[PDB]
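K.L.:
Enclosed are the sequence and the experimentally obtained structure.
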Amino acid sequence: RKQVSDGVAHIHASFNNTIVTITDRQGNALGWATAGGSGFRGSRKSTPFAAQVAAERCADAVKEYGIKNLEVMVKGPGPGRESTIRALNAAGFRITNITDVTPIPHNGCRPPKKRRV
Amino acid sequence: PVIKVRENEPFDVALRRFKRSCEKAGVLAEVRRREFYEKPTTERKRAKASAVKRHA
Amino acid sequence: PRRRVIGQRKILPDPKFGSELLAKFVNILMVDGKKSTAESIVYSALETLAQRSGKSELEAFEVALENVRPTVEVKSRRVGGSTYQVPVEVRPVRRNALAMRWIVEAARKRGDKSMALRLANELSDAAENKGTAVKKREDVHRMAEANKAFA
RNA sequence: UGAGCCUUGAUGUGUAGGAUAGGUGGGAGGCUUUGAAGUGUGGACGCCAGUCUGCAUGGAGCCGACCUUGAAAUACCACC
RNA sequence: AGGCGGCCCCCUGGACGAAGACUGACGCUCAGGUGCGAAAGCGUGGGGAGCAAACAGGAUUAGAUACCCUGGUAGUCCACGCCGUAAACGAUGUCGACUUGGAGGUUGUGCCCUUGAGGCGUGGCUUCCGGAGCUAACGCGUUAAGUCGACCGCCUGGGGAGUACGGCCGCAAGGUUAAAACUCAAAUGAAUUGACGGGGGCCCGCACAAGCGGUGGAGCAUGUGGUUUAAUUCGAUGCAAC
RNA sequence: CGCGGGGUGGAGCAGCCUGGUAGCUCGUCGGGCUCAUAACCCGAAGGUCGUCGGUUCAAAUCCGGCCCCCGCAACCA
Ligand SMILES: [Mg+2]
Ligand SMILES: [Mg+2]
Ligand SMILES: [Mg+2]
Ligand SMILES: [Mg+2]
Ligand SMILES: [Mg+2]
Ligand SMILES: [Mg+2]
Ligand SMILES: [Mg+2]
Ligand SMILES: [Mg+2]
Ligand SMILES: [Mg+2]
Ligand SMILES: [Mg+2]
Ligand SMILES: [Mg+2]
């Protein structure tokens, strides 16, 4: 049902949690998986291996939709920056676009203050 | 850094290229800079320090 | 040592078969220095396993060890306040030793009437993967697996 | 895009086991040119065993108590 | 000066320079006086995304009115005003003059055939190292803290106290000017040897790790302490007394 | 009293939803681990599955009475 040949794969690589989300060419989701939603908390949450695992899980989930070719959207810097992509490659999706959509502000919005440790 | 995969090219190589592109951009560094707000004074001080370091 | 990396002392093989591993096992078993008793116990254990399995005394020893030895072992790093118990690749030299130690511990724990008999039983359990040492190995592996995340 | 229903097609692994046996009554043969074995398979389900077909190819056979089972043929079936 | 960074237009200040032309001391500083003056704040009116005092909850914590997280009002933004303080700091008043230098950078400009980005030199502007010199040294150092001149401003031990009281200014917050009594023998400044750092780098020890056995729990030996005794000889007291 | 849903390890919730089937959140102890309370895993004790009978090979799972908790509207001399 509602099968697709190729779709976008958003990886939200952050300092806290890596998010893997597989969506349509235009922007309609099918299945997502998170490193925190794989059975990992705190120190295990922000991890390349965990990210990889999450990616694998996502791939497993989306295999019902008949996806063959793949494109990946990269958002933010995290521990799972390339590990995630490696995972999906291993899972067997013929990667075409390694898109980077990192949210760099052009000096507008005020950031929060420094963490004094 | 929007990166496309060429024909007759491995995945690892593509990944490496992407990494290089990222490095060239300095996106991660920018994010780090913007992670927490910097007071202008502090930034200026840092710049001065960097300049000092440059002189060897 | 902070400075010294030295080649370890030569340990002579077992009198009955010709095995360094067996000797090492005996040493591990032995405390206070009573080697001849320990050796005898080991021999007895081997005999019972042979009587049970109907196989070679050393080969059986080996596969039991194989069944109880892990590939990955956790190690504390202590960088922050929270535990950073990083898993590390274990060398084939000390892995064996660790397995032997585990076996010994299991034997100690066991409540059969002869110590030789106890360890024979442990060996048997290892062969059929159901004993205490094997269980310990399993969770060690699980612990490593959980935190294999770190490098 | 939900609600039923006259209706017509799917659906039923306790382990014994030919393997995805719901039961209760009529039967030892029903089906076939309102086209039988075997072959490429689309889509499904799925216990991954296999289970229901759509369409093409092929043109004269698959099944039945079987050995099993607390229950027997999906050899024909109605009440559902 | 405070400051000011998307872009584009309008209005406009100033600087700097090059050839030249002209005025002819028109110069300098500045008590009082006037204007400008980050931030926060204050005032009406707006505007309000984020951020974020206060504030709330969570943690953390011995406690946690904090640091940390989630949130979140004033404020941060404009409009015309007030405020008039900042470590407004080059901690160096302002101007003018002179004295071996370099590496540069920045911003121009004029000749020589630019015979090529370039070359000759040669003027303005800013940064670092540093000679003479100077200083308490640190250091500053043709942008002086050097050698002189002018002119001001301000200091005269610390604290009390840049506070009181009074004035003047302020819507208010307060600002400004500015004491005294009493009190202390120091108060500092630079640098030096040290030590120390929950600074940095190096190395090392059974220091950790990895391991092997303990003690600590029991009884016994012993020694101390504590209590007790007529007397419990006295000393030993982190390691380095038991 | 009429009707509807529930009695599930120490507690609550899935398994009923059309027989072939004890899982979830903790709680408790032990082990590993940390300076650790904790976080985290491994292992275990802990349930006439309201009660009882019936159909059946097979029920906590279908039904019947009975008991308890709740919800429901209802009148209440
Ligand atoms: Mg004249
Ligand atoms: Mg302001
Ligand atoms: Mg205001
Ligand atoms: Mg905050
Ligand atoms: Mg609080
Ligand atoms: Mg002042
Ligand atoms: Mg300033
Ligand atoms: Mg001053
Ligand atoms: Mg200098
Ligand atoms: Mg005052
Ligand atoms: Mg003791």
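P.N.:
Received, thanks. Numbers count the residues shown, from 1 in each chain, chains lettered A, B, ... in the order given. Ligands and ions are numbered 1, 2, ... in the order given.
K.L.:
What parts of chain C come near RNA strand F?
P.N.:
C:76, C:78, C:81, C:82, C:83, C:85, C:135, C:138, C:139, C:142, C:143, C:146 (C-beta under 7 Å from any atom of the strand). Bear in mind the C-beta positions are built from the backbone N, C-alpha and C, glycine included.
K.L.:
Pull out the buried residues from the helix or strand where residue C:140 lies.
P.N.:
Using DSSP states H and E, residue C:140 sits in helix C:132-146. For helix C:132-146, burial by neighbour count (16 or more other C-beta atoms under 10 Å in any protein chain shown) applies to C:132, C:133, C:134, C:136, C:137, C:140, C:141, C:143, C:144.
K.L.:
and it, anywhere near chain A?
P.N.:
Yes - against chain A, helix C:132-146 shows contacts by C-beta under 8 Å from any C-beta of the partner chain at residue C:146.
K.L.:
From residue A:19, how far out is residue C:6?
P.N.:
51 Å (C-beta to C-beta, to the nearest Å).
K.L.:
what do you get for residue C:46?
P.N.:
Residue C:46 is 56 Å from residue A:19, where distance means C-beta to C-beta.
K.L.:
Tell me which residue of chain C lies closest to chain B.
P.N.:
residue C:151 (17.8 Å; C-beta to the nearest C-beta).
K.L.:
Return the residues in contact with that residue.
P.N.:
Listed by C-beta atoms under 8 Å, 6 or more residues apart in numbering or on different chains, the contact partners of residue C:151 are residue C:86.
K.L.:
For the nearest residue to residue A:47 once chain neighbours are set aside, grab phi and psi.
P.N.:
Leaving aside its sequence neighbours, residue A:47 sits nearest to residue C:149 (C-beta to C-beta, 6 or more residues apart in numbering or on different chains; 4.3 Å). Per-residue torsions, residue C:149: phi -40, psi -40 (degrees, to the nearest 10).
K.L.:
can you list the residues of chain C near chain A?
P.N.:
So far as C-beta under 8 Å from any C-beta goes, chain C lies against chain A at C:82, C:84, C:146, C:147, C:148, C:149, C:150.
K.L.:
from those, which two are the most distant?
P.N.:
Pairwise distances across these (C-beta to C-beta) peak at 17.2 Å, for the pair C:82 and C:148.
K.L.:
Neighbour count for these two, which is higher?
P.N.:
residue C:148 (17 against 9; other C-beta atoms under 10 Å in any protein chain shown).
K.L.:
Confirm that one sits in a strand?
P.N.:
No - judged by DSSP: H, G, I helix; E, B strand; the rest coil, residue C:148 forms no part of a strand; its state is coil.
K.L.:
And it, how close does it get to RNA strand F?
P.N.:
13 Å (C-beta to the nearest atom of the strand, to the nearest Å).
K.L.:
Can you name the helix or strand that the closest residue to that residue other than its chain neighbours falls in?
P.N.:
Distances taken as C-beta to C-beta, 6+ apart place residue C:87 nearest to residue C:148, at 5.4 Å, with adjacent residues excluded. Counting by DSSP H and E, the element that carries residue C:87 is strand C:85-89.
K.L.:
need the next SSE after the longest helix along chain A, C-terminal direction.
P.N.:
When every helix of chain A is counted residue by residue (DSSP state H), the longest turns out to be helix A:48-62. Note on helix A:48-62: by DSSP H and E, the next helix or strand toward the C-terminus is strand A:69-75.
K.L.:
buried set for whatever helix or strand comes next after that next one?
P.N.:
Moving toward the C-terminus from strand A:69-75, the next helix or strand (DSSP H and E) is helix A:83-91. Neighbour-count burial for helix A:83-91 flags A:83, A:84, A:85, A:86, A:87, A:88, A:89, A:91 (criterion: 16+ other C-beta under 10 Å).
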